[PDB]
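Student: To kick things off, part of the complex as it is:
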Amino acid sequence: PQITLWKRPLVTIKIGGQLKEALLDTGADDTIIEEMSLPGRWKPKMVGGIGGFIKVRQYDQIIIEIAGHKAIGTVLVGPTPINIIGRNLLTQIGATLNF
């Protein structure tokens, strides 16, 4: 698709059997969601934002569908105020910013 930005660019995502949605965020290096069901063991990691730094749970090799495109990569679980798809996965679905 070609998505305009008059509202937040939210898309469906699917991980395992869970359908969620998330914000396509070109300002995010990393993908972060609030919860992922039965994800297994994780590794601690720190991530920084506008307000300071947060501890997250890092899961690698996650298979995720984004807007009907398959991606595989690192998904962080942490106290983000909204699920975000960051550039580590946006590149895999071939998203670009255009103007």
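Tutor: Thanks, I have it. Numbering: from 1, shown residues only, chains lettered A, B, ... in the order given.
Student: Buried ones in whichever helix or strand residue A:11 is part of, by neighbour count?
Tutor: Per DSSP states H and E, residue A:11 falls inside strand A:10-15. Residues of strand A:10-15 classed as buried by neighbour count (16 or more other C-beta atoms under 10 Å): A:11, A:13-15. All C-beta spots, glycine's among them, are computed from the backbone N, C-alpha and C.
Student: Alpha carbons only: can I get it in CSV?
Tutor: These are the backbone C-alpha positions of strand A:10-15, laid out as CSV (Å, rounded to 0.1, in the frame of the first residue of the first chain):
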residue,chain,number,x,y,z
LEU,A,10,-1.5,1.2,12.5
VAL,A,11,-1.3,-2.2,10.8
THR,A,12,-2.4,-5.7,11.8
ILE,A,13,0.4,-8.0,13.1
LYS,A,14,0.3,-11.6,13.9
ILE,A,15,2.7,-13.6,16.2
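Student: Throw the buried residues of strand A:10-15 into CSV and include distance to residue A:43, thanks.
Tutor: CSV is the format used below for the buried residues of strand A:10-15 (distance: C-beta to C-beta, whole Å):
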residue, distance to residue A:43
A:11, 27
A:13, 22
A:14, 23
A:15, 18
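Student: and which of these is nearest to residue A:71?
Tutor: Nearest to residue A:71 among the buried residues of strand A:10-15 is residue A:13, at 9.3 Å by C-beta to C-beta.
Student: following sequence is chain B, place it on the structure:
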Amino acid sequence: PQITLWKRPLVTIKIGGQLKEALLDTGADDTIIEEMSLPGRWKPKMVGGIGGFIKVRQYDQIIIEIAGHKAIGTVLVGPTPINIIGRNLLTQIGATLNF
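Tutor: Chain B goes in next, on the same frame as the chains above:
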């Protein structure tokens, strides 16, 4: 242009007559710039992101050139670690996400 997302999508901006650079951020509702002087009366606001809230000054109807394209709109000024162009100005230059 078409911007791929293998690195942060930073572009040149011009604001207050000064050349700066800023992140094109589809995940940001509003534009936030580091400390600088702007014209007009401002209003106090708070903005929330990862890791918490920050206090900003809101200035309205500010001209900003974004990679050669003129935009006019709301600009928040405050202790962000990076200049961010949010959707409020991305929409004025017709920026879209494509995949």
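Student: circling back to that earlier point, contact partners of the strand holding residue A:11?
Tutor: For strand A:10-15, contacts defined as C-beta atoms under 8 Å, 6 or more residues apart in numbering or on different chains pick out A:19-24, A:33, A:36-37, A:62-68, A:75, A:83, A:85.
Student: Can I get the buried part of the residues you listed as one PyMOL selection?
Tutor: Buried residues among the contacts of strand A:10-15 (16 or more other C-beta atoms under 10 Å in any protein chain shown), as a PyMOL selection:
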select buried, chain A and resi 20+22+23+24+33+36+62+64+66+67+75+83+85
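Student: just the contacts of strand A:10-15 that are near chain B?
Tutor: A:23-24, A:67 (C-beta under 8 Å from any C-beta of the partner chain).
Student: for chain A, what spans make up the helices?
Tutor: Taking DSSP state H to define them, one finds helices in chain A at A:87-90.
Student: what distance separates stretch A:90-97 from the centre of its chain?
Tutor: 12 Å (C-alpha atoms, centre = their mean, to the nearest Å).
Student: Now it - C-alpha only, CSV.
Tutor: The C-alpha trace of stretch A:90-97 is given here as CSV (Å, rounded to 0.1, in the frame of the first residue of the first chain):
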residue,chain,number,x,y,z
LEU,A,90,10.3,-2.4,8.3
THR,A,91,13.3,-3.1,6.1
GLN,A,92,12.3,-6.7,5.9
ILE,A,93,8.9,-5.9,4.5
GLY,A,94,10.5,-3.4,2.1
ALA,A,95,8.8,-0.3,3.6
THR,A,96,10.1,3.0,2.4
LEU,A,97,9.4,6.7,3.2
